[PDB]
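Report on the structure
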Amino acid sequence: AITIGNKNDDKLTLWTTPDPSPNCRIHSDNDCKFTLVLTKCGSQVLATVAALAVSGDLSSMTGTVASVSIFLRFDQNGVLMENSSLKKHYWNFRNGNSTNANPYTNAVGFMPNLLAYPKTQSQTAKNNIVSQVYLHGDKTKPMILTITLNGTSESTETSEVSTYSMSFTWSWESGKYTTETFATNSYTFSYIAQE
Amino acid sequence: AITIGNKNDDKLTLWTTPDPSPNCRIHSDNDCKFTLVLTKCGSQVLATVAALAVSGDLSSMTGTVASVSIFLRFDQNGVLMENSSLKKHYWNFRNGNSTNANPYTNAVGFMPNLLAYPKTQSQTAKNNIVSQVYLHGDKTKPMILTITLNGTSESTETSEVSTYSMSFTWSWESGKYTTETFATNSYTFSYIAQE
Amino acid sequence: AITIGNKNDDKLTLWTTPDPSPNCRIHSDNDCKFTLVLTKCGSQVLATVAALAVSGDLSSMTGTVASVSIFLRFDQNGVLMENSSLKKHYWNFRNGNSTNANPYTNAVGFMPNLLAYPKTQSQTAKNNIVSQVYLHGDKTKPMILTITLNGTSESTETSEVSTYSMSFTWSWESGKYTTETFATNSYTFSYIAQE
């Protein structure tokens, strides 16, 4: 027998699990299944992200703005902070198709590099990754995905100041898609790691 | 001397070779040179894909639908099945710029994760990766590339039921590009691996 | 304590540093901060690229063509040649957030595969990666990014004939963006490596 592709270092994956139960808030608690897989590839992190609403249509989860934003804040050790859209319970390194039972204490190797992507309140172009994507994979329902690395995705709130952060913001033309269910296609990106 | 980038584990690449001879069927046998390189990066597979028609223009390789679809079906061990667009001969792990002479018997580490991307006849958004691409790199000739992971790309045909699968479907506006030669730009994507 | 993502082989990264000082020429010396990080992932290189003008607006750095091109030429050992937009000083393998003090002498493992992407004066589709991107991440200011691998990005100039090469060309509608500052979002791509 010849087995190929049989090397997979569990500590080089940080993920929500590949098939998360409701684990994220867009507008209301647990109204979204947010899938995010981060794989460390030396000085870069290779990532795949997907989001699925589970509690209603877009009008029910948006205010007056035609956007959905999911933000992740991390402390100086790369640990997920409470002021994040994503719940911490099943955000950890890999164990099979789940997370390891012991929470990580340092994930700085997965954080966006602060020299490449500084903390700032300015919309520095390099801090963002911006692409046209499609709601439900439908060519007639375009959206813009803006990933922010550190920068404007950082929290500055008193007592909950993040060191690293990333946000995922899908935006579209005002007035459109109010009766649609929010569901994105899998999307690949990479970023420079802090270490 | 200082040599960098000099680590390349042959068993962590599964490919058509980087420069395949005609090895794929879109409409007729061997009418396409399909290049696909899968590199295992822990829990994700990093991939680059390109397609080139070698036997005629789009009108000669399409029916009444403005699309080209290339599908790969794999058994429970990740071995390529006969009901695939791609020929098996030169689909294997790497040996220089070619394939190793001994066919793999297990490539489950390169297969799309079934929990992330289930088998289904529904068009689940997460199972797909959808992007606007350009025929011949021409901005005036857009197409939509839809990559399907498991899901609707799976075969359910009696005696040829796949366990894993992926499809690549380029689609465009009906009536356009009939006299063009099908040739795509290299395209990068990643997906969550089964193990 | 449990530290994850703590493996990073310095020799598997070739970069401009994550936060380069002016190190590139678009129209005039050092008028651009060009960030490029290449990470070797077996038979593929995973890359992230960003560009920022530091000396003026687009009208000041373009002629009669609505494009910006940044080209990298490499010799047979993968060493950066003088006929490149990018300066050589801080183009090397990693040392922390900087480059190692000793210049590499061989980086063929990071070069675009010549069988996949041949040297040619024809615009072969597979040699290119072509995507719609946005100036300053603004949906109303689209551009086309065309990455060329070997192919038409190769230099053929007497005495400065490259073996490998890559170019990054952003193009847009003639007459637009003359008063804008050139600043791109981070962009991810991969390509097949020579070895």
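Residues numbered from 1 in each chain as written, not as in the entry; some residues may be left out. Chains lettered and ligands numbered in written order. Heavy atoms only, no water.

Time to look at the sheet that holds strand β9 (residues 164-171) of chain A. All names here are of chain A. Strands sit in the order β4-β9-β8-β7 across an open sheet of 4 strands; the sheet is antiparallel. Each edge of the open sheet carries a strand with a single partner, namely β4 (67-74) and β7 (128-134). Each strand axis lies, on average, 15 degrees off the axis of its neighbour in the sheet, ignoring direction. Inspection of the sheet shows β4 paired to β9 by 8 bridges, in the antiparallel sense. Within β9, the position partnered with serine 67 by the bridge is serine 171. (Pairing = 2+ DSSP bridges. Helix = DSSP H or I, 4+ residues; strand = E, 2+ residues; numbered from the N terminus. Axes fitted to C-alpha atoms, helices over the stretch in contact; angles between N-to-C directions.)

On to the relation of the copies chain C and chain A. For the pair chain C and chain A, the relating rotation is 120 degrees, the translation along its axis is 0.0 Å, and the fit reaches an RMSD of 0.0 Å. Put plainly, the chains are arranged around a three-fold axis. Taking C-alpha positions as the reference, the residue of chain C nearest the rotation axis is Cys41(C), at 4.1 Å. When the interface residues of chain C are mapped onto chain A, a mere 6% of them are again interface residues, pointing to distinct binding faces. (Least-squares fit on C-alpha atoms. Contact = heavy atoms within 4.5 Å.)

Let's shift gears to the interface of chain C and chain A. Interface size is commonly expressed as the accessible surface area that is lost when the partners come together. Every contact between the two is made by 33 residues of chain C and, on the other side, 36 residues of chain A. Taken together, the two surfaces of chain C and chain A that pack against each other cover about 2800 Å², and 57% of this comes from carbon and sulfur. The three residues of chain C that bury the most area against chain A are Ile2(C), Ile4(C) and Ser186(C), which together make up 24% of that side's buried surface. Across the chain C-chain A interface, the total number found is 1 salt bridge. With a shortest N-O distance of 3.8 Å, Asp9(A) and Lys7(C) are connected by a salt bridge. Counting residues per element, the ones that place at least two in the side of chain C that touches chain A are β1 (13-15), β2 (32-41) and β3 (44-53) of chain C. The dominant element in the side of chain C that touches chain A, judged by the number of residues it contributes, is β2(C), at 5 residues. The residue makeup of the side of chain C that touches chain A, split by class, is 14 nonpolar, 15 polar and 4 charged. (Buried area = accessible area lost by both parts, 1.4 Å probe. Salt bridge = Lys/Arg side-chain N within 4 Å of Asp/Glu carboxyl O. Nonpolar A, V, L, I, M, F, W, Y, C, P; charged D, E, K, R; others polar.)

With that settled, consider the interface of chain B and chain A. On the side of chain A, 33 residues touch chain B, which itself brings 36 residues to the contact. Both sides together, the interface formed by chain B and chain A hides about 2800 Å², and carbon and sulfur atoms give 58% of it. There are 1 salt bridge connecting chain B and chain A. Where chain B meets chain A, there are 17 residue pairs in polar contact. Those elements that provide at least two residues to the side of chain B that touches chain A are β2 (32-41), β3 (44-53), β7 (128-134) and β10 (187-192) of chain B. Considering every element that reaches the side of chain B that touches chain A, the biggest residue donor is β7(B), with 5 residues. A class-by-class count of the residues in the side of chain B that touches chain A yields 18 nonpolar, 13 polar and 5 charged. (Polar contact = N/O pair within 3.5 Å; in protein donor to acceptor, adjacent residues only side chain to side chain.)

The next point concerns the environment of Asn6(C). Its location among the elements puts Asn6(C) in the segment before β1. Considering only alpha carbons, one finds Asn6(C) and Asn185(C), 179 residues apart in sequence, at a separation of 27 Å. In this structure, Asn6(C) is in contact with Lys11(A) and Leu12(A), ignoring residues within four places of it in sequence.

With that settled, consider the environment of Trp15(B). Residues and elements named next belong to chain B. Considering the arrangement of structural elements, one finds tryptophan 15 in strand β1 (residues 13-15). Placed 83 residues apart in sequence, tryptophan 15 and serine 98 show a C-alpha to C-alpha distance of 8.7 Å. A polar atom in the side chain of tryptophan 15 sits 3.0 Å from the backbone oxygen of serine 98.

This part is about the packing of aromatic side chains. Using the criterion set out here, one finds 27 aromatic pairs over all chains in the structure. Taken together, the ring pairs connect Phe34(A), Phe168(A), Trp170(A), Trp172(A), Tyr177(A), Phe182(A), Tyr187(A), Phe189(A) and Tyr191(A) into an aromatic cluster. (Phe/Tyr/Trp six-rings, centres within 6.5 Å; stacked < 30°, edge-to-face > 60°.)

Our focus in this paragraph is the relation of the copies chain B and chain A. Overlaying chain B with chain A gives an RMSD of 0.0 Å, the required rotation being 120 degrees about an axis along which the chain moves by 0.0 Å. When the interface residues of chain B are mapped onto chain A, a mere 6% of them again lie at the interface, so each copy presents a different face.

The next point concerns unusual backbone geometry. All names here are of chain C. Phi at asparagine 30 takes a positive value of approximately 55 degrees, unusual for a residue other than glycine. By the secondary structure assignment, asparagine 30 is in the loop between β1 and β2. Taking the relative accessible area as the measure of exposure, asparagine 30 reaches 31% and is therefore partly exposed. The phi angle at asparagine 150 is positive, at roughly 50 degrees, despite the residue not being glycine. (Buried < 20%, exposed > 50% of the residue type's maximum accessible area, 1.4 Å probe, protein only.)

Here we take up the UniProt feature "domain: Adenoviral fibre protein knob" (unreviewed entry) in chain A. Look at the UniProt record and you will see "domain: Adenoviral fibre protein knob" (unreviewed entry) annotated at residues 3-195 of chain A. Here residues 3-195 of chain A is 2% helix and 34% strand, with 32 Å between the C-alpha atoms at its ends. (UniProt positions renumbered as here; feature names shortened; annotations may be inferred.)

Looking now at the sheet that holds strand β6 (residues 98-99) of chain C. Residues and elements named next belong to chain C. Pairing in this open sheet of 6 strands is antiparallel, and the strands run β6-β5-β1-β2-β3-β10 from one edge to the other. Edge positions in the sheet fall to β6 and β10 (187-192), since each has one partner strand and no second. Of the pairings in the sheet, the one linking β3 to β10 comprises 6 bridges and is antiparallel in character. Opposite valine 49, over in β10, you have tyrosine 187 as the bridge partner.

On to the layout of surface pockets. The computed volume of the largest pocket comes to approximately 670 Å³. Lining of the largest pocket is provided by 24 residues; of these, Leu12(A), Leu12(B), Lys40(B), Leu12(C) and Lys40(C) occupy positions nearest its centre. If you list the elements that add at least two residues to the lining of the largest pocket, you get β2 (32-41) of chain A, β2 of chain B together with β2 of chain C. Taken together, the residues that form the lining of the largest pocket break down as 6 nonpolar, 9 polar and 9 charged. (1 Å grid on protein atoms, 1.4 Å probe; cavity = no way out; pocket = protein on both sides within 12 Å on 5 of 7 lines; lining within 4 Å. Points joined across faces, edges and corners; volume = space filled by probe spheres on them.)

Residue and element names in this part refer to chain A. With respect to the element layout, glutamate 180 can be found in the loop between β9 and β10 (187-192). Here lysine 141 takes part through its side chain, which lies 2.6 Å from a polar atom of the side chain of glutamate 180. Discounting residues that sit within four places of it in the chain, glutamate 180 has contacts with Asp57, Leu58, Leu135, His136 and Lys141.

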